[PDB]
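A short worksheet on the structure shown next.
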Amino acid sequence: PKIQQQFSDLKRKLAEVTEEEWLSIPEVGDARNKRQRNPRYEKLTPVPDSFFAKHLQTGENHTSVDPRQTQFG
Amino acid sequence: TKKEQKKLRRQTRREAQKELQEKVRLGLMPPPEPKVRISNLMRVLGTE
Amino acid sequence: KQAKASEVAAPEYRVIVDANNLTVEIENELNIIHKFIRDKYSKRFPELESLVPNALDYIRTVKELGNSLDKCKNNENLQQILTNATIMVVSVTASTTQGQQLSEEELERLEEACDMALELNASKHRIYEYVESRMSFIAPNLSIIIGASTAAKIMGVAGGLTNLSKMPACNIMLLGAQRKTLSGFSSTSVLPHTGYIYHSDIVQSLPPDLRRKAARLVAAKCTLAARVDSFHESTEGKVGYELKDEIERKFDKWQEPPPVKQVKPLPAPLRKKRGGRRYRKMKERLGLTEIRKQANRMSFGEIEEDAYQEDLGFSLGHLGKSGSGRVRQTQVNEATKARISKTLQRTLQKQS
Amino acid sequence: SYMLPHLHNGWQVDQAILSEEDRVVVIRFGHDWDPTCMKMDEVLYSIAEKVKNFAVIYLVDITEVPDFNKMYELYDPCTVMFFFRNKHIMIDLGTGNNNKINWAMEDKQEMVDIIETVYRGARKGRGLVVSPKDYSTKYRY
Amino acid sequence: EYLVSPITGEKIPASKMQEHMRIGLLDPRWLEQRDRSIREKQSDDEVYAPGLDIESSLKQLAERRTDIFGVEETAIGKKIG
Amino acid sequence: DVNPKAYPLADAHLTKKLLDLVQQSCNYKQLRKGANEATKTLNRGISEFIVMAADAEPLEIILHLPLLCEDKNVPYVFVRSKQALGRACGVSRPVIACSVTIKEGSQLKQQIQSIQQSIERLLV
Amino acid sequence: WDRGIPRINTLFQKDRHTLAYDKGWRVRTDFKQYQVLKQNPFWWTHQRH
Amino acid sequence: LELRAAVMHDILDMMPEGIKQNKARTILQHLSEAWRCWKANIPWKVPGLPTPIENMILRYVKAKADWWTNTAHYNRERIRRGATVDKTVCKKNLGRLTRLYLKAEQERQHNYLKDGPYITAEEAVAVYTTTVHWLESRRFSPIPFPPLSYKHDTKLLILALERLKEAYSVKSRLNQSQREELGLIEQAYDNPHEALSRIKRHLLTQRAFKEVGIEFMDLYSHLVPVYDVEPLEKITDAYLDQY
Amino acid sequence: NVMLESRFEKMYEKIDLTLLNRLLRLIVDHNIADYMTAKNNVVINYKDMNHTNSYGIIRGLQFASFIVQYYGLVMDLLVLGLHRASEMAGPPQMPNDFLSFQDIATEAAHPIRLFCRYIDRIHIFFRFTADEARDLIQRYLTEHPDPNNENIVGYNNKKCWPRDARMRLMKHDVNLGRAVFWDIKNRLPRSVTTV
């Protein structure tokens with residue numbers, strides 16, 4: 001029901017926490033290092049010219065075929 | 001150690017170059033010239 | 001038996017040393033009887049040696065399997081010996097042994113060998129139990145660091161405190177390392193390079209990812225404590241307590257929660273830059289090459305055929321479309337050739 | 001929604017707008033209990049540390065601080081307004097109201113983009129910047 | 001133990017010699033970097049409100065919303081019902 | 001200077017010579033740092049000799065090394081401080097034992113032989 | 001010329017002698033959905049084969 | 001956001017008010033850290049955390065997790081039924097379902113490890129003998145390890161390299177991981193025999209491998225796993241597949 | 001005639017690594033098989049989540065297609081029986097074609113007349129005589145009784161077709177379809193895979 005009804009018993013039980021117990025309560029620190037948290041940067045660096053060369057090389061097929069290549073070779 | 005020796009050399013070089021650049025900043029030593037060579041003859045002094 | 005009954009000029013440690021030399025003698029007799037069992041059994045089911053490398057497990061398996069290989073199926077006693085994966089592997093292999101039966105007198109001889117091997121195993125258990133009981137007197141610091149069963153086992157496998165003292169830490173870490181054949185898995189068996197030290201409760205009471213880092217430290221400190229004890233110094237146990245305190249402090253340091261780390265704000269959405277050999281090279285790498293310049297273009301009104309099914313709209317420009325380019329084919333720039341990093345290269349070199 | 005600083009009267013709002021000469025003052029007019037305001041405030045809270053070099057975020061309750069309701073037409077549940085050097089920075093979000101963000105933003109990155117665009121455009125003395133994304137639709141499909 | 005320093009040459013003994021080798025080779029730029037970090041990381045205004053305002057804001061949120069709190073199920077954003 | 005169980009304790013001049021030779025062996029990649037590496041070189045007989053510092057707080061952690069040198073016929077002494085041995089070994093951390101090892105056709109032959117002859121003459 | 005289900009013009013392809021060693025290419029084209037984070041409309045075929 | 005506000009208000013009301021007021025934000029830090037630990041299927045335990053605060057945070061995490069799972073499934077059902085929905089909602093739901101699936105998969109792997117193989121060797125023996133009899137009936141000669149002077153070893157290597165390469169063919173903008181993968185492919189193509197030696201060494205000796213990455217492609221009806229393998233192991237695996 | 005169209009429920013996930021290693025050693029050198037099965041047992045990661053794929057298979061591996069096809073060949077053997085598998089494939093000297101048989105008599109020697117397996121989807125075409133169908137239905141019903149004629153409630157037919165174009169669920173070919181599915185599902189151990 002009222003969100004603040006499921007936590008009523010725990011809220012009541014919180015009263016037994018001593019004031020010194022309210023002061024240990026460690027600060028939360030991340031566990032991931034300098035590379036995970038703030039990575040330096042990712043450059044783009046376009047594709048090599050060999051990709052275009054091979055794409056245009058795919059083609060200019062042939063003028064003749066060895067009479068040995070069958071329906072599947 | 002090797003690391004300590006390299007660190008000492010690096011600190012000495014950095015101190016020397018920093019003092020040299022402060023001297024250049026204060027006119028005591030005229031600003032350095034570009035290190036022109038035969039291969040550098042046309043990148044530094046092309047129009048000349 | 002006299003020592004245990006009287007456990008309420010002929011000292012105790014002479015008995016201890018004689019017993020510990022008897023342990024290695026027993027181990028040698030155990031390995032020769034294992035040799036005999038393996039040699040005389042590998043004509044019925046010869047593949048088992050390649051499936052169960054442990055000597056005692058092999059002996060128990062040949063005592064249990066015997067000449068009847070129907071006892072690999074619907075047999076609970078194997079589950080007391082082997083892992084389920086290796087049990088199913090040996091069942092699979094025993095389905096296709098290609099090995100003839102054993103003669104009856106051969107079975108009698110092999111059963112006698114198995115029984116004598118088990119007798120020697122029981123004797124080894126009893127003598128190691130006595131050594132473990134006498135730990136506190138015979139090696140106070142080494143027992144302080146790692147229990148009593150672990151210290152007893154490591155010096156029993158090493159051959160006494162004197163033999164263990166002349167051993168480096170990188171080998172004490174490996175006291176009890178079993179072959180541990182991998183059956184399909186990926187050397188995820190926790191025993192590729194682990195021994196009695198790694199399976200000691202002090203190392204096992206850590207997260208599974210710090211356990212090898214803990215085992216190395218424990219082995220080093222155990223080497224130190226064994227060297228301390230080999231001359232019977234620090235009888236009361238100060239050195240062992242200091243080493244254990246150091247080990248526990250280094251273990252707490254590893255599990256100490258990570259420090260509070262600040263969030264880096266975005267710098268600013270907004271100066272002169274140099275130029276030289278590095279700038280020229282980086283500009284040439286990122287420069288728009290003639291082949292890449294020519295793929296940028298596209299003829300007007302000259303409709304190209306849609307090559308490369310997998311992605312329509314992918315089109316070369318004036319590369320080969322017989323449009324307005326040049327007569328000869330364009331050449332690949334060497335500066336655009338893909339290369340690997342410096343760290344990646346050094347890892348590719350350490351791999352060799 | 002409660003971690004961000006709150007402005008408790010119109011004078012504090014005016015001083016917060018005036019106190020910044022190098023960061024975009026981002027002010028959320030609305031009620032902390034409103035669902036739309038809480039949705040917007042989660043996003044503003046998640047980016048408040050990331051943009052502290054060029055933006056500051058304040059919250060304002062439009063009942064406890066009612067002076068700007070008629071002035072700024074603060075008659076929507078949530079409203080996000082950008083000021084740069086005592087000047088309201090209009091933004092052409094494509095929603096027909098170039099004066100405010102009167103809805104809840106679902107993305108952490110889109111508000112960072114909007115704040116950075118406002119900052120970069122307003123440094124050049126522009127009263128109206130153009131949002132990098134058109135919000136005339138929701139691209140649901 | 002009167003030793004010799006490969007940096008200065010003074011007679012530093014056995015134990016404090018090691019620390020000498022950590023201090024005599026300490027980079028002077030480290031001092032400038034640490035002072036720069038102190039000057040840059042301590043002149044920053046707090047992004048979030050202090051604890052006072054967090055407690056107050058949560059209190060007013062509880063007061064202005066009984067859909068999440070209270071025992072009487074009142075309206076969405078009205079006063080105390 | 002304090003512990004008498006470190007019996008072959010060298011003098012100052014021999015300490016200088018020995019640390020210098022250890023530095024040269026580290027330069028020639030003939031040095032093995034640490035007690036565990038000294039033990040591993042003992043078991044293979046690939047060691048000319050062994051130097052060990054007499055200042056390990058537990059000293060008996062390096063007295064197995066003399067007993068193994070006796071079994072393998074390897075010269076051994078004690079030096080006065082661990083930090084000097086560590087620095088002589090190219091390691092900022094305190095090294096308590098190092099092993100100068102054999103290498104066929106090396107240029108450090110004569111110095112090693114002389115330091116050995118000096119070493120196996122002070123052992124009493 | 002462009003007829004036949006293996007496309008008789010594929011006999012003339014430049015790579016015709018280094019494709020004879022590519023076996024099981026349909027299965028790996030189908031399984032490519034588990035390696036690249038994109039849906040391939042021509043998962044069933046291969047233009048060079 | 002209502003649950004977090006309620007839990008924070010409840011924990012901060014029991015705060016000793018006048019004696020301490022700077023630790024309001026660390027409570028939120030703990031409340032978010034516990035939720036992140038739940039989302040990562042990582043156990044959450046703070047040493048210095050008092051037991052009542054621990055229990056309140058655990059209750060918050062359980063309530064938020066129940067709502068999170070229910071919202072994930074409801075939204076997935078909405079996406080599947082062709083309902084009109086934003087792109088960002090689909091991406092957030094995909095990220096949510098990835099974590100739910102991987103929690104259910106860690107549980108499945110743990111169950112397999114605890115309960116061992118489910119294949120009860122008798123029927124495993126049946127399957128194996130069936131396969132053995134089939135292969136003997138076909139007179140199938142087992143595939144050998146690739147010989148040193150394997151004639152068309154380089155042809156298979158080139159096929160594997162081109163198969164790996166034909167994923168960046170249209171990706172006009174590269175990436176550091178993609179740049180490294182392309183560099184490895186080019187280095188193996190320019191220097192084929194050393195690459196083949198490395199592949200043979202990996203096949204003979206390598207049994208432990210670096211972790212792979214898992215992503216989910218959303219087909220709006222089911223999630224398709226996509227696995228990112230290390231570029232150095234991909235070359236060996238591609239060659240092995242071709243061979 | 002009866003067409004069963006199905007797929008092994010979760011083939012990829014329920015592949016034992018140890019059994020896969022032992023099955024692969026029948027085909028390839030043990031080094032290669034050990035390499036592949038070890039490569040399947042790696043750590044799987046998603047942004048903070050890390051587990052170890054100790055049970056299932058990894059589809060993203062390059063050779064995962066080969067492993068899946070071979071493992072599905074094993075299931076094809078389990079379904080067809082060695083005799084029918086050897087008759088469909090024919091003698092190794094002259095292997096059969098796509099769906100051809102050496103002789104007409106060999107084709108009609110078994111209920112299962114056509115069989116195909118896409119990566120994990122099986123299609124089996126049976127042709128039953130008037131007596132074999134009733135014997136199989138009788139065995140299925142003696143195994144699973146159905147006095148209320150409840151077998152039509154769960155039956156699936158393609159709703160894309162009109163009412164008279166799809167399958168008619170009379171009484172006999174519903175029990176026959178259930179019997180065929182039951183008989184095909186029994187020869188697959190549920191531990192390995194299930195339908």
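Naming scheme: A, B, ... for chains in displayed order of the structure tokens; residues 1 onward per chain; ligands 1 onward as shown.
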**Message:** as a ChimeraX atom specification, please: every residue in chain E that DSSP puts in helix (DSSP H, G or I).
**Reply:** /E:14-23,28-41,51-63
Backbone DSSP call of strand (DSSP E or B) for chain F, listed as a CSV table (one decimal) with N, CA, C and O atoms, in the first residue's frame:
chain,number,residue,atom,x,y,z
F,9,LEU,N,81.5,-13.3,8.2
F,9,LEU,CA,81.2,-11.9,8.1
F,9,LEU,C,82.4,-11.1,7.5
F,9,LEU,O,83.5,-11.1,8.2
F,31,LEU,N,73.4,-12.2,-12.1
F,31,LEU,CA,73.0,-12.1,-10.7
F,31,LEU,C,71.5,-12.6,-10.5
F,31,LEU,O,70.7,-12.4,-11.4
F,32,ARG,N,71.3,-13.3,-9.4
F,32,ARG,CA,70.0,-13.8,-9.1
F,32,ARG,C,69.6,-13.2,-7.7
F,32,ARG,O,70.3,-13.6,-6.7
F,33,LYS,N,68.6,-12.3,-7.6
F,33,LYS,CA,68.3,-11.7,-6.4
F,33,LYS,C,67.3,-12.5,-5.6
F,33,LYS,O,66.5,-13.3,-6.1
F,47,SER,N,75.7,-21.7,-9.9
F,47,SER,CA,76.2,-20.5,-9.1
F,47,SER,C,77.7,-20.5,-8.8
F,47,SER,O,78.1,-21.5,-8.3
F,48,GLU,N,78.4,-19.5,-9.2
F,48,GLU,CA,79.7,-19.3,-8.6
F,48,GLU,C,79.7,-19.2,-7.1
F,48,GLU,O,80.4,-20.0,-6.4
F,49,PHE,N,78.9,-18.3,-6.6
F,49,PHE,CA,78.9,-18.1,-5.1
F,49,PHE,C,77.7,-17.3,-4.7
F,49,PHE,O,76.8,-17.0,-5.6
F,50,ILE,N,77.5,-17.1,-3.4
F,50,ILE,CA,76.3,-16.5,-2.8
F,50,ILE,C,76.8,-15.4,-1.8
F,50,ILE,O,77.6,-15.7,-1.0
F,51,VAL,N,76.1,-14.3,-1.8
F,51,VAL,CA,76.3,-13.2,-0.8
F,51,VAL,C,75.0,-13.1,-0.1
F,51,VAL,O,73.9,-13.1,-0.7
F,52,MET,N,75.0,-13.0,1.2
F,52,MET,CA,73.8,-12.8,2.0
F,52,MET,C,74.0,-11.8,3.1
F,52,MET,O,75.1,-11.7,3.7
F,53,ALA,N,73.0,-11.0,3.4
F,53,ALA,CA,73.1,-9.9,4.4
F,53,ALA,C,72.8,-10.5,5.8
F,53,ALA,O,71.9,-11.3,6.0
F,76,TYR,N,80.4,-18.8,0.3
F,76,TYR,CA,79.4,-18.0,0.8
F,76,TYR,C,79.9,-17.1,2.0
F,76,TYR,O,80.8,-17.6,2.7
F,77,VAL,N,79.5,-15.9,2.1
F,77,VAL,CA,79.8,-15.0,3.2
F,77,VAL,C,78.6,-14.3,3.7
F,77,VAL,O,77.5,-14.5,3.1
F,78,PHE,N,78.7,-13.4,4.7
F,78,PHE,CA,77.7,-12.5,5.2
F,78,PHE,C,78.2,-11.1,5.0
F,78,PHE,O,79.3,-10.8,5.3
F,79,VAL,N,77.3,-10.2,4.6
F,79,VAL,CA,77.5,-8.8,4.6
F,79,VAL,C,76.7,-8.1,5.7
F,79,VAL,O,75.8,-8.7,6.2
F,97,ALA,N,69.7,-11.8,0.1
F,97,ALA,CA,70.5,-12.9,-0.4
F,97,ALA,C,70.6,-12.7,-1.9
F,97,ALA,O,69.5,-12.5,-2.6
F,98,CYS,N,71.7,-12.9,-2.5
F,98,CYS,CA,71.9,-12.8,-4.0
F,98,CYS,C,72.9,-13.9,-4.3
F,98,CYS,O,73.8,-14.3,-3.5
F,99,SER,N,72.8,-14.4,-5.6
F,99,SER,CA,73.7,-15.4,-6.1
F,99,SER,C,74.4,-15.0,-7.4
F,99,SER,O,73.7,-14.6,-8.3
F,100,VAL,N,75.7,-15.0,-7.4
F,100,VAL,CA,76.5,-14.8,-8.6
F,100,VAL,C,76.7,-16.1,-9.3
F,100,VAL,O,77.2,-17.1,-8.7
F,101,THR,N,76.2,-16.2,-10.5
F,101,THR,CA,76.0,-17.5,-11.2
F,101,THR,C,77.1,-17.7,-12.3
F,101,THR,O,77.8,-16.8,-12.7
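Every protein or nucleic acid residue with an atom no more than 7 Å from stretch 148-155 of chain C, counting only C-alpha atoms and leaving out same-chain residues fewer than 6 positions away, appears here: residues 128, 131, 132, 135, 142, 161, 164, 175, 196, 197 and 200 of chain C.
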Report as JSON lines: every residue of chain A with an atom at most 8 Å from chain H, its closest pair of atoms, and their distance in Å to one decimal, counting only C-alpha atoms, with rows sorted by chain and ascending residue number.
{"residue": "A:3", "atom": "CA", "partner": "H:3", "partner_atom": "CA", "distance": 6.9}
{"residue": "A:4", "atom": "CA", "partner": "H:6", "partner_atom": "CA", "distance": 6.5}
{"residue": "A:7", "atom": "CA", "partner": "H:56", "partner_atom": "CA", "distance": 7.2}
{"residue": "A:10", "atom": "CA", "partner": "H:56", "partner_atom": "CA", "distance": 5.9}
{"residue": "A:11", "atom": "CA", "partner": "H:10", "partner_atom": "CA", "distance": 6.1}
{"residue": "A:13", "atom": "CA", "partner": "H:52", "partner_atom": "CA", "distance": 6.4}
{"residue": "A:14", "atom": "CA", "partner": "H:52", "partner_atom": "CA", "distance": 5.3}
{"residue": "A:15", "atom": "CA", "partner": "H:14", "partner_atom": "CA", "distance": 6.1}
{"residue": "A:17", "atom": "CA", "partner": "H:50", "partner_atom": "CA", "distance": 7.1}
{"residue": "A:19", "atom": "CA", "partner": "H:16", "partner_atom": "CA", "distance": 6.7}
{"residue": "A:21", "atom": "CA", "partner": "H:50", "partner_atom": "CA", "distance": 6.5}
{"residue": "A:22", "atom": "CA", "partner": "H:15", "partner_atom": "CA", "distance": 7.6}
{"residue": "A:24", "atom": "CA", "partner": "H:48", "partner_atom": "CA", "distance": 5.9}
{"residue": "A:25", "atom": "CA", "partner": "H:49", "partner_atom": "CA", "distance": 5.2}
{"residue": "A:26", "atom": "CA", "partner": "H:48", "partner_atom": "CA", "distance": 6.3}
{"residue": "A:27", "atom": "CA", "partner": "H:26", "partner_atom": "CA", "distance": 5.8}
{"residue": "A:28", "atom": "CA", "partner": "H:29", "partner_atom": "CA", "distance": 6.0}
{"residue": "A:42", "atom": "CA", "partner": "H:176", "partner_atom": "CA", "distance": 6.7}
{"residue": "A:43", "atom": "CA", "partner": "H:175", "partner_atom": "CA", "distance": 6.9}
{"residue": "A:44", "atom": "CA", "partner": "H:174", "partner_atom": "CA", "distance": 5.5}
{"residue": "A:45", "atom": "CA", "partner": "H:174", "partner_atom": "CA", "distance": 5.8}
{"residue": "A:46", "atom": "CA", "partner": "H:173", "partner_atom": "CA", "distance": 4.9}
{"residue": "A:47", "atom": "CA", "partner": "H:172", "partner_atom": "CA", "distance": 5.8}
{"residue": "A:51", "atom": "CA", "partner": "H:169", "partner_atom": "CA", "distance": 6.5}
Write out the residues from the selection above, keeping C-alpha atoms, as a PDB file, in the first residue's frame.
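Listed below is the output, result.pdb:
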ATOM      1  CA  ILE A   3       4.953   3.047  -0.058  1.00  0.00           C
ATOM      2  CA  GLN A   4       5.703   4.307   3.464  1.00  0.00           C
ATOM      3  CA  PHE A   7       9.192   0.413   5.644  1.00  0.00           C
ATOM      4  CA  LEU A  10      12.344  -0.927   9.620  1.00  0.00           C
ATOM      5  CA  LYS A  11      11.954   2.808  10.230  1.00  0.00           C
ATOM      6  CA  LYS A  13      13.893  -0.334  14.246  1.00  0.00           C
ATOM      7  CA  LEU A  14      16.300   2.339  12.981  1.00  0.00           C
ATOM      8  CA  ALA A  15      15.871   4.174  16.293  1.00  0.00           C
ATOM      9  CA  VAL A  17      21.255   2.797  16.017  1.00  0.00           C
ATOM     10  CA  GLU A  19      24.956   7.998  17.404  1.00  0.00           C
ATOM     11  CA  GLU A  21      27.096   3.923  14.819  1.00  0.00           C
ATOM     12  CA  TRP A  22      25.776   6.774  12.650  1.00  0.00           C
ATOM     13  CA  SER A  24      31.210   5.038  10.843  1.00  0.00           C
ATOM     14  CA  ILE A  25      28.895   4.585   7.851  1.00  0.00           C
ATOM     15  CA  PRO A  26      31.671   4.624   5.239  1.00  0.00           C
ATOM     16  CA  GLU A  27      31.622   6.747   2.112  1.00  0.00           C
ATOM     17  CA  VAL A  28      30.943   4.876  -1.126  1.00  0.00           C
ATOM     18  CA  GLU A  42      38.485   7.411 -29.126  1.00  0.00           C
ATOM     19  CA  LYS A  43      39.781   8.702 -32.450  1.00  0.00           C
ATOM     20  CA  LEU A  44      37.991   7.734 -35.646  1.00  0.00           C
ATOM     21  CA  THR A  45      40.797   7.025 -38.179  1.00  0.00           C
ATOM     22  CA  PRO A  46      38.943   6.104 -41.403  1.00  0.00           C
ATOM     23  CA  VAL A  47      39.256   2.773 -43.183  1.00  0.00           C
ATOM     24  CA  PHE A  51      39.294  -1.628 -48.562  1.00  0.00           C
TER      25      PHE A  51
END
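Of the listed residues (I:30, I:61, I:157, I:148), I:61 comes nearest to residue G:34; the distances count only C-alpha atoms.
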Which residues of chain G have any atom within 8 Å of an atom in chain H when counting only C-alpha atoms, and what is the closest pair of atoms for each, with the distance in Å to one decimal? Order the rows by chain and rising number and write it as JSON lines.
{"residue": "G:18", "atom": "CA", "partner": "H:155", "partner_atom": "CA", "distance": 6.5}
{"residue": "G:19", "atom": "CA", "partner": "H:159", "partner_atom": "CA", "distance": 7.9}
{"residue": "G:21", "atom": "CA", "partner": "H:156", "partner_atom": "CA", "distance": 6.7}
{"residue": "G:22", "atom": "CA", "partner": "H:242", "partner_atom": "CA", "distance": 6.8}
{"residue": "G:23", "atom": "CA", "partner": "H:242", "partner_atom": "CA", "distance": 7.2}
{"residue": "G:33", "atom": "CA", "partner": "H:226", "partner_atom": "CA", "distance": 7.0}
{"residue": "G:34", "atom": "CA", "partner": "H:226", "partner_atom": "CA", "distance": 4.3}
{"residue": "G:35", "atom": "CA", "partner": "H:226", "partner_atom": "CA", "distance": 5.1}
{"residue": "G:36", "atom": "CA", "partner": "H:226", "partner_atom": "CA", "distance": 6.4}
{"residue": "G:37", "atom": "CA", "partner": "H:226", "partner_atom": "CA", "distance": 6.1}
{"residue": "G:38", "atom": "CA", "partner": "H:217", "partner_atom": "CA", "distance": 7.5}
Export, as a tab-separated table (two decimals), in the first residue's frame, the selected residues with C-alpha atoms.
chain	number	residue	atom	x	y	z
G	18	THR	CA	40.26	-19.51	-53.70
G	19	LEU	CA	36.52	-20.00	-53.14
G	21	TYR	CA	38.24	-24.14	-50.36
G	22	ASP	CA	35.40	-22.25	-48.65
G	23	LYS	CA	33.02	-24.97	-47.48
G	33	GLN	CA	24.03	-13.12	-36.62
G	34	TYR	CA	25.70	-14.26	-33.38
G	35	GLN	CA	28.96	-12.41	-34.08
G	36	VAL	CA	27.95	-9.07	-35.64
G	37	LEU	CA	25.37	-6.81	-34.00
G	38	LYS	CA	23.32	-6.25	-37.14
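Between chain C and the residues H:108, H:202, H:234, H:76, the shortest atom-to-atom distance, using only C-alpha atoms, involves H:202.
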**Request:** Using only C-alpha atoms, find which residues of chain I lie within 10 Å of chain G and jot them down as a PyMOL selection string.
**Result:** chain I and resi 58-66+68-69+118-119
Could you turn the residues from that selection into a file that holds N, CA and C atoms, as a PDB file, in the first residue's frame?
ATOM      1  N   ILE I  58      28.497 -21.528 -26.924  1.00  0.00           N
ATOM      2  CA  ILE I  58      28.590 -20.129 -27.316  1.00  0.00           C
ATOM      3  C   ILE I  58      28.405 -20.050 -28.822  1.00  0.00           C
ATOM      4  N   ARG I  59      27.322 -19.401 -29.247  1.00  0.00           N
ATOM      5  CA  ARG I  59      27.021 -19.286 -30.666  1.00  0.00           C
ATOM      6  C   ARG I  59      27.956 -18.326 -31.381  1.00  0.00           C
ATOM      7  N   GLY I  60      28.562 -17.392 -30.663  1.00  0.00           N
ATOM      8  CA  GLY I  60      29.399 -16.399 -31.291  1.00  0.00           C
ATOM      9  C   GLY I  60      30.754 -16.877 -31.733  1.00  0.00           C
ATOM     10  N   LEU I  61      31.161 -18.075 -31.327  1.00  0.00           N
ATOM     11  CA  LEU I  61      32.436 -18.610 -31.767  1.00  0.00           C
ATOM     12  C   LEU I  61      32.410 -18.863 -33.269  1.00  0.00           C
ATOM     13  N   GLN I  62      33.589 -18.783 -33.882  1.00  0.00           N
ATOM     14  CA  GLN I  62      33.677 -18.987 -35.320  1.00  0.00           C
ATOM     15  C   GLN I  62      33.272 -20.403 -35.710  1.00  0.00           C
ATOM     16  N   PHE I  63      33.732 -21.405 -34.964  1.00  0.00           N
ATOM     17  CA  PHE I  63      33.462 -22.802 -35.272  1.00  0.00           C
ATOM     18  C   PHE I  63      32.179 -23.311 -34.626  1.00  0.00           C
ATOM     19  N   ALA I  64      31.390 -22.425 -34.014  1.00  0.00           N
ATOM     20  CA  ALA I  64      30.149 -22.858 -33.381  1.00  0.00           C
ATOM     21  C   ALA I  64      29.205 -23.508 -34.380  1.00  0.00           C
ATOM     22  N   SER I  65      29.243 -23.069 -35.640  1.00  0.00           N
ATOM     23  CA  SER I  65      28.397 -23.676 -36.659  1.00  0.00           C
ATOM     24  C   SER I  65      28.751 -25.140 -36.873  1.00  0.00           C
ATOM     25  N   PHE I  66      30.046 -25.457 -36.936  1.00  0.00           N
ATOM     26  CA  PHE I  66      30.458 -26.847 -37.102  1.00  0.00           C
ATOM     27  C   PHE I  66      30.008 -27.697 -35.925  1.00  0.00           C
ATOM     28  N   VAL I  68      27.508 -27.177 -33.854  1.00  0.00           N
ATOM     29  CA  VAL I  68      26.059 -27.334 -33.855  1.00  0.00           C
ATOM     30  C   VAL I  68      25.622 -28.321 -34.927  1.00  0.00           C
ATOM     31  N   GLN I  69      26.210 -28.241 -36.121  1.00  0.00           N
ATOM     32  CA  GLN I  69      25.833 -29.171 -37.180  1.00  0.00           C
ATOM     33  C   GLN I  69      26.196 -30.605 -36.817  1.00  0.00           C
ATOM     34  N   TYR I 118      17.416 -28.420 -40.911  1.00  0.00           N
ATOM     35  CA  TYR I 118      18.038 -27.115 -40.861  1.00  0.00           C
ATOM     36  C   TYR I 118      18.649 -26.956 -39.471  1.00  0.00           C
ATOM     37  N   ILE I 119      19.421 -25.889 -39.273  1.00  0.00           N
ATOM     38  CA  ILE I 119      20.391 -25.809 -38.177  1.00  0.00           C
ATOM     39  C   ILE I 119      19.881 -26.426 -36.878  1.00  0.00           C
TER      40      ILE I 119
END
**Request:** Find the residues in chain A near chain G: any atom within 12 Å counts, using only C-alpha atoms. Write them as a PyMOL selection string.
**Result:** chain A and resi 54+56-73
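Taking atom CA of residue C:55 as the reference point, atom CA of residue C:24 is found at 15.1 Å.
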